[PDB]
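Report on one structure; see the data block that follows.
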Amino acid sequence: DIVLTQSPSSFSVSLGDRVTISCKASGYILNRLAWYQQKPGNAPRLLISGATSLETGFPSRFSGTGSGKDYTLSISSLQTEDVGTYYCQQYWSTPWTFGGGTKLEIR
Amino acid sequence: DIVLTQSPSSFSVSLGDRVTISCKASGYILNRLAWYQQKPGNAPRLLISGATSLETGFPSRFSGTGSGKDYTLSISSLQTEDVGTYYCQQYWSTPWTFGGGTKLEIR
Amino acid sequence: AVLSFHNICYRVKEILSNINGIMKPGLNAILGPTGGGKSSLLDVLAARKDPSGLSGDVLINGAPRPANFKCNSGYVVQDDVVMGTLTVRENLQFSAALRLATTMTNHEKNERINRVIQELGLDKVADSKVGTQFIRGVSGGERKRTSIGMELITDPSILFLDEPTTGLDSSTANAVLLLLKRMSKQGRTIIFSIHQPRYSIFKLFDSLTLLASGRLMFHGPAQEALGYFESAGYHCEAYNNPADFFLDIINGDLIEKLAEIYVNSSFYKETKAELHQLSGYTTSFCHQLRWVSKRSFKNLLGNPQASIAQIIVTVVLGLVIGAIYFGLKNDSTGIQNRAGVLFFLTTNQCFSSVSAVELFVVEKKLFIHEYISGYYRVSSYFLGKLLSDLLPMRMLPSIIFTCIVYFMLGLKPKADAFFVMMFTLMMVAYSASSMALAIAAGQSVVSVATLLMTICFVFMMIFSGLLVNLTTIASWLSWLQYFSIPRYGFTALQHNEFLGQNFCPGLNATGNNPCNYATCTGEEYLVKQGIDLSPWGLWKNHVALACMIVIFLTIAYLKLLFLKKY
Amino acid sequence: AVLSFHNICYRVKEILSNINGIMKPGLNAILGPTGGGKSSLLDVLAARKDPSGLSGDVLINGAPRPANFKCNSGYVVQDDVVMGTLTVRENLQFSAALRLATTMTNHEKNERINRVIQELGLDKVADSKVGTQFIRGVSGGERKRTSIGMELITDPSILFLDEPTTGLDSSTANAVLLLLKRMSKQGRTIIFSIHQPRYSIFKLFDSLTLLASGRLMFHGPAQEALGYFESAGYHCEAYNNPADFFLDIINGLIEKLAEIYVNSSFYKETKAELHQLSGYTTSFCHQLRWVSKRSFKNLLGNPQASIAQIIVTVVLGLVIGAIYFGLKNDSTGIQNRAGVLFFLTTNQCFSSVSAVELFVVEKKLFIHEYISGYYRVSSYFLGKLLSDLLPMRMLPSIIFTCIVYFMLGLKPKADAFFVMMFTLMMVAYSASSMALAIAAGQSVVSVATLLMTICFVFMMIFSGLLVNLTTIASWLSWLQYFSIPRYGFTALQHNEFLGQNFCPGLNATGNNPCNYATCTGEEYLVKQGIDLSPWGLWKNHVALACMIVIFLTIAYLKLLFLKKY
Amino acid sequence: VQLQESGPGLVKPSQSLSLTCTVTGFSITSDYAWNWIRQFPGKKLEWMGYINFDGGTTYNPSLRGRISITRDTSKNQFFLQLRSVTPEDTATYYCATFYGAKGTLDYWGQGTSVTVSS
Amino acid sequence: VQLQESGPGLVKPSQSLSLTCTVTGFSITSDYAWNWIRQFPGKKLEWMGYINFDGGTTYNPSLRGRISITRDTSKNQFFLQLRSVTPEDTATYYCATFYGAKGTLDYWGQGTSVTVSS
Ligand SMILES: CC(C)C[C@H]1c2[nH]c3cc(OC4CCCC4)ccc3c2C[C@H]2C(=O)N[C@@H](Cc3ccccc3)C(=O)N21
Ligand SMILES: CC(C)C[C@H]1c2[nH]c3cc(OC4CCCC4)ccc3c2C[C@H]2C(=O)N[C@@H](Cc3ccccc3)C(=O)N21
Ligand SMILES: CC(C)CCC[C@@H](C)[C@H]1CC[C@H]2[C@@H]3CC=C4C[C@@H](O)CC[C@]4(C)[C@H]3CC[C@]12C
Ligand SMILES: CC(C)CCC[C@@H](C)[C@H]1CC[C@H]2[C@@H]3CC=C4C[C@@H](O)CC[C@]4(C)[C@H]3CC[C@]12C
Ligand SMILES: CC(C)CCC[C@@H](C)[C@H]1CC[C@H]2[C@@H]3CC=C4C[C@@H](O)CC[C@]4(C)[C@H]3CC[C@]12C
Ligand SMILES: CC(C)CCC[C@@H](C)[C@H]1CC[C@H]2[C@@H]3CC=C4C[C@@H](O)CC[C@]4(C)[C@H]3CC[C@]12C
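Protein chains in written order, with the entry's author numbering: chain E, 1 to 107; chain C, 1 to 107; chain B, 35 to 46, 61 to 301, 328 to 354, 369 to 654; chain A, 35 to 46, 61 to 300, 328 to 354, 369 to 654; chain F, 2 to 119; chain D, 2 to 119.
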């Protein structure tokens with residue numbers, strides 16, 4: 001199948017800081033990549049589709065970039081409300097696979 | 001090629017009346033049909049795409065219906081501002097063809 | 035029964065120049081070198097040659113040959129035409145049923161067959177197969193006695209043979225000739241041609257005829273030939289075969331010298347005097377059809393390898409196709425896989441229908457011999473041979489393929505779709521087979537026909553509707569797509585399959601298409617390929633296939649009808 | 035030169065039971081029925097048979113046969129092995145170059161050839177083609193004299209023939225036998241087998257040997273055979289050929332005749348005499378050069394086979410260009426591109442079936458020349474590949490590429506052009522090698538053609554068009570690595586689609602609005618299971634090369650372990 | 002567009018599992034695809050399968066025959082039937098929605114826990 | 002997104018024709034396709050051809066070699082070159098836009114008249 005990998009299983013940053021998150025795929029995905037944001041005790045919420053597009057309901061502080069197998073998510077000047085668990089999903093092949101998670105924290 | 005035919009080259013109605021306009025194709029079009037509205041001395045303006053969808057900028061008084069080769073446009077309770085020339089276009093095959101025109105009038 | 039020919043001169061270059069002679073009851077013979085018109089002369093007297101090139105008169109007891117002479121007499125070919133699969137008794141029954149009159153009861157025909165078997169010494173081998181590549185066979189002598197048996201059924205007064213000894217062993221040849229001499233004692237006239245015989249052979253003869261370059265070097269009793277040559281100025285040393293002596297004389301140890335010598339002889343005088351003294369359907373149609381079909385079916389069952397191998401191969405192919413394409417899914421890859429599998433089925437039918445070339449090509453000589461002899465018409469042969477071999481063997485594989493693959497793959501689960509698929513595959517197979525017959529009928533070479541069929545199919549698959557989209561093709565070249573069988577079959581199958589399919593999960597393109605480039609329904613795929621959605625767009629392919637079948641079969645019948653039987 | 039055999043007994061059922069005899073300079077002969085081991089005996093004495101089944105001793109002037117005997121002597125086959133295309137003189141030059149020593153100057157070899165031509169009466173037909181299906185041919189007698197010429201080059205003391213008269217006319221046969229009797233006068237031993245000859249033939253003989261069911265019915269001077277049979281209790285009437293008399297006696328016993336002969340005086344004398352008696370040439374490059382030269386001459390001298398294929402490829406290129414003219418970057422571009430590339434690859438694979446005919450046709454000649462010491466297997470194999478296979482497979486690919494690439498409107502770059510050419514070339518070579526491996530060491534063409542067709546048919550399924558390779562189950566997908574069309578088609582697709590956009594007005598490359606559009610070449614490739622890296626282009630080529638190597642090695646092995654006897 | 006799971010919060014090993022999702026604001030037979038998703042403790046999302054709007058269904062191969070998804074168009078429900086349960090497959094289960102033109106899981110449920118113990 | 006035609010309002014027969022459309026608010030090399038359309042007197046719309054965003058072009062077969070469309074990415078222009086003019090092809094010419102995902106001609110120009118006389 002296609003197995004997605006998020007190298008930073010955990011991070012540690014402060015407000016105003018810039019944080020970057022990455023997902024690596026075992027095959028070519030062709031920008032069929034999505035990012036989900038999950039607060040504890042809540043269902044995941046869609047954040048980005050197509051690896052660049054942004055969903056209405058979120059600030060223009062989240063951006064997506066990537067080509068082929070390497071994709072990244074950029075949070076510029078994170079606030080407190082952005083703390084949580086992030087996942088990368090691929091919707092290219094039918095056995096859709098998520099990432100393992102990238103929990104943010106605060107210093 | 002694909003030649004589109006509008007049987008009513010002309011009509012004659014009054015305000016509040018309901019008027020129906022039809023386009024016949026020489027081949028199967030699969031709802032790749034569009035309707036344009038043209039006032040005199042102006043460029044045509046898109047009105048309907050997909051034979052059912054309506055573009056933002058027009059009232060919900062225009063409707064489209066049709067399957068295969070037979071398509072119709074419905075103007076329910078026409079006003080004065082709706083008087084003009086209407087065309088049917090097909091964007092299925094590259095030599096895009098328009099209809100001949102269906103000029104509305106007023107009694 | 036006496037056969038007399040006078041001033042025979044046959045030209046096509062003349063194979064025969066000037067020939068006179070008479071043949072009376074006994075073991076007449078005809079010798080000479082290969083180019084010497086012994087075979088041509090034998091054909092001329094038997095009437096297996098074009099009368100137009102003839103230039104002389106032929107008589108029988110002072111009466112010219114009638115038009116039913118070929119049917120009445122008997123002619124035995126150098127290469128046996130018997131059916132190896134069938135038994136002696138079956139072949140004799142075939143010949144008796146066709147040649148003899150229908151009024152006669154089957155018991156009388158069986159009596160005649162038994163009499164013939166008794167005469168030829170075949171009682172022990174009546175019910176043993178003649179032999180083939182896969183079947184065990186009887187000796188060549190038994191083959192030849194059987195071939196002669198097929199001709200004596202009608203009890204001919206005159207009997208012709210072409211190189212009866214060639215291809216045999218010495219003892220077998222001597223036995224056959226002794227049998228012929230036994231027959232001649234009963235009162236039958238026998239005429240045959242030999243190639244460099246042995247001395248016992250040359251002694252068994254009662255009359256002799258010699259030829260070279262169409263020139264009658266000698267004619268008369270066999271014994272006097274040596275005396276005539278000795279008196280001519282030639283000498284034969286002991287332990288030298290007289291026939292080889294003659295042939296050596298011809299070679300040069328000249329031709330016109332010998333011809334003039336013979337003209338000056340007394341034998342020519344007597345023959346010319348005697349000549350100048352002398353000068354001054370059977371059955372119905374249904375019967376032929378029934379018996380031809382019966383024989384073809386017996387041969388088909390008695391050669392199990394060819395048919396059973398194809399059946400087993402189709403079963404294996406169905407299993408493999410089911411395994412590879414198992415579980416077709418309604419996603420992006422469903423279109424590709426469906427189109428591919430249907431294309432493969434159609435092209436497999438077209439290409440496996442090449443075996444029909446072998447049908448008429450192999451049995452050409454037998455067909456000619458039996459048509460000349462009056463066994464049957466061309467119509468009966470053609471229709472019976474189609475009804476026996478072509479029909480079942482093309483019908484079964486389509487049913488097997490359909491049954492195996494339809495449910496494994498997961499095509500449309502409806503009875504009508506199932507049967508339409510079966511019917512379309514059947515029609516494709518029949519049309520390709522008819523094409524093959526038309527190409528191969530009236531031929532003896534299998535390679536050229538196979539090559540032509542392969543080339544035609546290859547150029548047909550391009551216009552099938554998968555490799556190239558038919559809409560894009562230029563108008564000055566698109567008309568060629570109406571000469572394709574795979575096109576019609578593939579189009580029918582696509583129409584029967586895609587018409588109710590959705591290939592995009594989560595999206596309704598049928599109702600309205602969000603993106604203009606998606607191909608999320610079967611109808612879009614069909615229209616993009618140039619196919620109509622109306623039912624007529626499904627059945628016009630079938631009517632076209634039927635018209636092709638009719639045209640090709642008519643062409644094959646015509647090619648058989650105008651074939652040169654001589 | 036005297037050849038003596040004592041108590042020959044050969045078994046495989062024994063074709064020879066017990067045979068004794070000696071052959072001295074002259075026109076020795078061997079007669080009998082077809083099953084009578086006359087051919088087997090001739091092979092045994094010539095050493096063209098398996099020594100293991102032999103059970104007796106063979107001597108030459110009291111000395112056993114050495115291991116170079118087959119090369120030294122001469123053996124003439126029933127069916128002529130000459131090259132119909134070449135001229136008499138060319139064939140003699142071939143034999144002289146290979147059989148004789150390299151040290152000798154070409155002038156001496158030409159002198160020997162001229163001497164041989166003078167002896168055989170071939171001066172007038174030295175430079176006329178022997179004849180073929182498409183070429184006009186000389187008479188069978190000239191063919192046979194040529195075949196004999198190829199053997200006298202090395203000046204053999206002993207000379208063997210198998211049915212020299214069979215397949216000939218009476219006068220031609222007599223002329224050939226008179227020629228042989230002329231040769232025997234010079235001091236050569238000659239041994240041959242005949243089938244039911246004529247009386248002049250039977251008189252020309254000097255010694256006679258008769259066989260039936262592996263039993264020596266008689267041996268001794270030809271004239272005394274009739275007297276021996278008369279004294280045995282048989283009578284021959286006049287105008288009866290003595291040979292036919294013998295054969296009739298055999299037909300009608329066998330053990331009775333064998334015992335009679337054993338009791339005779341001839342057997343006594345032969346046994347006494349026997350008991351009295353008892354008590369590479371050339372380099373490799375030379376062979377390669379001459380084999381290649383001969384194969385090229387034959388190839389040029391059969392223009393139909395090659396020129397027809399070249400013309401057909403040209404016509405096919407024109408037709409393909411016409412049908413697919415002007416490929417468009419729209420929805421139908423993907424379909425048409427895939428179709429045309431698939432057709433090209435499969436056409437190469439299927440047209441590479443002609444290679445079956447290469448080694449199958451010339452099997453008998455190869456065996457005869459290998460036994461006689463002309464060349465090694467390596468030289469034959471490599472030269473015959475280098476001559477015929479290489480150019481004829483290389484040209485059609487170039488023609489197809491040049492014609493279609495610009496007509497259709499594929500990627501206008503030199504690198505893509507040359508990659509396409511190279512890939513088609515490799516596909517053709519690989520399929521031809523497969524065909525050779527299947528067909529080498531065979532005499533039947535039909536079975537090999539059927540096997541090749543079946544293999545190609547099962548290969549096209551896994552090509553990557555009819556069935557998507559991703560969907561195939563894991564327990565069956567591994568079979569896709571045994572497909573040549575797969576590798577060629579994948580390389581061509583990679584070389585073509587990589588820079589293409591198939592949706593007008595839309596940029597799927599940057600970002601895809603609709604998840605189901607297939608608006609780029611990369612999407613099509615990934616959907617088919619193809620990689621976008623350059624290695625995903627060249628691994629197909631390395632796989633094709635490995636297949637080529639494996640198949641050619643298999644063919645060489647199949648030739649090496651073939652039974653030359 | 003507005004989903005709500007429901008079902009037992011406790012199951013015995015190797016017996017069965019059945020869940021229910023009710024849809025409001027949309028007809029499940031109209032346009033979309035309807036998925037089932039689970040999140041194990043030690044968060045690790047897994048996709049299980051979906052049932053399209055035409056009744057067609059697709060399942061994750063890792064669940065070989067243990068899973069089946071159905072629907073009742075009368076009241077806009079689609080179900081989950083996960084048989085041969087083990088304590089390993091205790092997790093939080095979600096019902097979600099998949100457009101197809103866009104490709105992402107837009108609308109989710111609140112999620113119901115499931116415990117497999119004894 | 003905002004187009005504006007320009008060019009001669011008068012042409013001699015069988016000489017040439019050249020027009021210009023300037024785009025503002027978008028780069029013609031970015032996403033869309035850019036068409037040329039004419040409306041004869043006795044209104045009858047005809048589609049002539051387009052030039053895609055990658056430089057590719059497509060023309061109506063009824064105009065066999067008389068038409069060619071180019072572009073200058075420096076200042077966001079695409080041109081029309083209609084050669085071998087006749088009084089028949091006097092009409093009102095428009096530049097338009099074609100998305101491709103949607104399929105329709107959304108944005109048009111104001112239109113410039115062209116007269117072919119002598
Ligand atoms: C045996 C074979 C698999 C079936 C069939 C067949 N199908 C084909 C499809 C082809 O292109 C297609 C294009 C898309 C993909 C495929 C090309 C060639 C062929 C041939 C060759 C043909 C033949 O040579 N002989 C006959 C009789 C026969 C049967 C069994 C044993 C011996 C003889 C026969 O049945 N085949
Ligand atoms: C002449 C022919 C068009 C070329 C070639 C060929 N290509 C094929 C492609 C096929 O399926 C493909 C699947 C997708 C669509 C197609 C099936 C069969 C064939 C054959 C048969 C083969 C043959 O029988 N002989 C050789 C030698 C030869 C050449 C010229 C004159 C005489 C003999 C030969 O070259 N062909
Ligand atoms: C010697 C051969 C080529 C003679 C001509 C045979 C072929 C080309 C003929 C025979 C039957 C014909 C078909 C008969 C019926 C129809 C239905 C019609 O609605 C479209 C044309 C179509 C499909 C014809 C096309 C041409 C056709 C296929
Ligand atoms: C749709 C299918 C069954 C059509 C198959 C066509 C068959 C029925 C056609 C093909 C060629 C035809 C034959 C061609 C020639 C003749 C000779 C004539 O004097 C009698 C009819 C007869 C013998 C025809 C009978 C019908 C025939 C066998
Ligand atoms: C008798 C035959 C079947 C022996 C085996 C031959 C075939 C199957 C072998 C020979 C060369 C091999 C290839 C050699 C190189 C590579 C590159 C690698 O990155 C993927 C596997 C691949 C593509 C191999 C697949 C298997 C292969 C194609
Ligand atoms: C892509 C191609 C050129 C790969 C190399 C293929 C050819 C040149 C290879 C494949 C099989 C090889 C042969 C394999 C076996 C032997 C036998 C040995 O005693 C002499 C060399 C010889 C005769 C080899 C010569 C080189 C050879 C013919």
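From the three backbone atoms N, C-alpha and C, an ideal C-beta is built for every residue, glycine too.
The C-beta of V136 of chain A has 16 or more other C-beta atoms within 10 Å across all chains shown, which makes the residue buried. Segment contact: the stretch 380 to 398 of chain B against the stretch 471 to 488 of chain B, three or more CB-CB distances shorter than 8 Å; contact assigned. Burial is judged here by how many other beta carbons sit within 10 angstroms of a residue's own beta carbon; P290 of chain A has at least 16 and is buried.
Taking 8 Å as the CB threshold, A102 of chain D lines the interface with chain B.
A residue is called buried when at least 16 other Cβ atoms come within 10 angstroms of its Cβ; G300 of chain B does not meet this threshold and is exposed. For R147 of chain B, the uninterrupted alpha helix (DSSP H) run begins and ends at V136 to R147, by DSSP.
Per DSSP, the unbroken alpha helix (DSSP H) holding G422 of chain B starts and ends at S420 to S440. Here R383 of chain B carries a helix assignment [DSSP, helix/strand/coil]. For the pair of segments examined, the stretch 383 to 400 of chain B was found to touch the stretch 175 to 189 of chain B: the number of CB pairs separated by less than 8 Å reaches three. Separation of the CB atoms of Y28 of chain E and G66 of chain E is rounded to 12 Å, and the pair is thereby denied contact status at 8 Å. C603 of chain B has a beta carbon lying within less than 8 Å of a beta carbon in chain D. Around the beta carbon of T71 of chain F, fewer than 16 other beta carbons lie within 10 angstroms, which makes this residue exposed. Pairing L568 of chain A with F551 of chain A gives a Cβ-Cβ distance under 8 Å. Any Cβ of chain F closer than 8 Å to the Cβ of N600 of chain B would place that residue at the interface, and such an atom is absent. The C-alpha of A580 of chain A is placed about 55 Å away from the C-alpha of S118 of chain F.
Judged by their CB atoms, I298 of chain B and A280 of chain B are not nearer to each other than the 8 Å cut-off.
Counting along the chain, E62 of chain A sits inside the beta strand (DSSP E) bounded by residues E62 to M71. Every beta strand (DSSP E) stretch that sits fully inside the stretch 46 to 100 of chain D and reaches 3 residues is listed by chain position as 58 to 60, 68 to 73, 78 to 83 and 93 to 99. For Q37 of chain E, the secondary structure class from DSSP, reduced to helix, strand or coil, is strand. For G100 of chain E, the residues of chain F that pass the 7 Å Cβ criterion are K45, in the order they occur in the chain.
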